[PDB]
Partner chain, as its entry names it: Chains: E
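Next up: just one chain, as structure tokens, the form solved without the partner chain.
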């Protein structure tokens, strides 16, 4: 039995649509915000204003998801080990609620930050080789829903972008709200990194299962 392309929490139609809409609204608001317009030179090398919805042109089609373990049908290291865990097998097909704490944007990716519960964290892989960007941060910090990518950006970048943002927030808690959007306060972590910290945690319903391409 070969494995999925990856395991993860696949948002329901309703949840996906709601989160997708919130993301689109955020990109729109952020692109119209003066704090962002002034900092456009740290975001692109090209010279007006930038519609971020077109900037993040590569978007997931259909239902949004929060990936746990990328398996590539068993070719990814640790894939077999992850899939054979009892909690994975037991949780397969089960419904969960994911807590979205923030939306974020970088020159590469737009996404939503997922804060996993302890129960859900048991489904988070503990692999042998880690990205060093996760050092000193709690397990599962990388948890995210990808909303969009710049044209030449590759997958798994959104997870990396998020960790880079979070290891800015831990060291400095960096920003007083440069703006106050209606869903929360807006942070500018420099270098084209933006974060909307939601006053209000968004809850999305999802199913833990495997995607097979």
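Numbering follows the first chain given and starts at 1.
The protein also exists as the form deposited with the partner chain bound; that form is not presented, and the subsequent description refers to it.
Within 4.5 Å of any heavy atom of the partner chain in the deposited complex lies no heavy atom of residue 191.
Contact annotation: residue 93 falls within 4.5 Å of the partner chain in the deposited complex, judged by heavy atom distances. Interface membership of residue 97, defined by any non-hydrogen atom within 4.5 Å of the partner chain in the deposited complex, is confirmed. Contact annotation: residue 117 falls within 4.5 Å of the partner chain in the deposited complex, judged by heavy atom distances. Contact residues in stretch 1 to 21 (any heavy atom within 4.5 Å of the partner chain, taken in the deposited complex) are 12, 13, 14, 15.
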